[PDB]
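One chain comes next, on its own, written as structure tokens: the form deposited in one PDB entry.
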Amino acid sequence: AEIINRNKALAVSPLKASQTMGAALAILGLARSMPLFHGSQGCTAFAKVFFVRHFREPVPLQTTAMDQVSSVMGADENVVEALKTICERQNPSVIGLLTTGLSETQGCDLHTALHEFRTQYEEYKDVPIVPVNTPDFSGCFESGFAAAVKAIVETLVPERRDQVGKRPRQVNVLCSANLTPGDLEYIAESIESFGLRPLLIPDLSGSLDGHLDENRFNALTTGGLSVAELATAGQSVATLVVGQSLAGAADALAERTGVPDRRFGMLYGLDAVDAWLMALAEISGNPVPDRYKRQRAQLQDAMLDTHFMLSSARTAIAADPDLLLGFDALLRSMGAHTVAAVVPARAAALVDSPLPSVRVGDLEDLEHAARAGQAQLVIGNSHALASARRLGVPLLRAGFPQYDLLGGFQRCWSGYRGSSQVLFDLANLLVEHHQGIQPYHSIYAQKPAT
């Protein structure tokens, strides 16, 4: 696809979410973790509202509290004071040190401020701090997340090569931003069905899955990927990559451990799930279970029954590049055309797409592109509802944020059954909104006026 780059001065109804938030989401996929924004209190407050409204769960998130004075005079002391405060009050398993636009503009070198804390408070030497440079003016929520998985891999995984296959059934999985806690459950369970032991990096299905913990109060993430388990990354037989956005994190993991990888997009549709199960069968040596063979025949049937409504359907998608490419492929197997594709920022994976072009814009740009292309349905987040209502078309919620849909944060989109439910939902919206031939009132009719 030809990327129609950002051009206008004003972003109207922003599709994009900050890189800092995406990186915080990746940190949130680690057990007993605390994400820390190096910046003013407001960035963290907005991020907390964003995640609390989407997951409908408490979200750990702190700030270095950069004020007017520390923003000009220098804020490295605030970083040291925040690390010490979190280490003593909540005693974390891991801390994520993420930068904001304000800290990058000032010139705060992460590796200087972190070093100073390490030399002043040696009592917290064993608490790993993942440093990641994610200023708000660059990239997006998805690329930010992927940049945090790279920093996580470089900070909590040891640099070795001689241990590949030490845990013979173990298989790493590098997960992307748009993999919901329900998508992660399908990945882990499908892997487990082949006898393999999944190692999800990171694991949001343990922290933000939407469960009531045993403890009345938790200050850190109630679960997710443990740093103890993450150190056993070199010991695995293979690393599966789910989502093209993690190419940089897959290379970082491959160079540091030597564990060979197979790369995938979103596990949406007959061909993406076929290739997922084929790799698993080849890795474990065991055949594809009968359970997944039955679900393939069930997807083939849902494709037959929803072909009538989805073949030739014109859709408009406003989502992260992984979701765009993952939904386009699912729709392309059905004969449905993506007539409008809007991403929040550029992505290398977009260049290798069958779409004739993809725009880097906002929801206002989506509304105009969909209207030009005569879209019949929009696929986007809670913010896209107002654009869909102005267009007169139904919405199918997908991605962050989902503040207006209960349980939407945990929807499993992946696999045969998860892919089947997307076909039923797109078909059902399309049918419910289809207005047929309008009544014609004859000028000679014997119809009573009253």
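Superpose the two forms; the largest set of C-alphas matching within 1.5 Å is the rigid core. We number the residues from 1 along the sequence you see. Shifts are known only where both forms have a C-alpha.
Another form exists, deposited in another entry; not displayed. Remarks below refer to it.
With the core held fixed by superposition, the comparison between this form and the one not shown singles out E214 as the only member of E255, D290, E214, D301 whose CA moves by at least 2 angstroms.
When the rigid core is held fixed, the Cα atom of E192 travels less than 2 angstroms between this form and the one not shown. Once both forms are overlaid on the rigid core, the distance between the two CA positions of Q41 between this form and the one not shown is under 2 angstroms. Relative to the superposed core, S70 undergoes a C-alpha shift of no less than 2 Å between this form and the one not shown. CA of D352 to CA of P344: closer by 3 Å or more in the other form than in the shown form.
A shift of at least 3 angstroms brings the Cα atoms of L97 and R216 nearer to each other in the other form than in the displayed structure. Core-superposed comparison between this form and the one not shown: residues with C-alpha shifts of 2 Å or more form runs of three or more at 3-6, 70-73, 122-124, 160-168, 209-221, 350-352.
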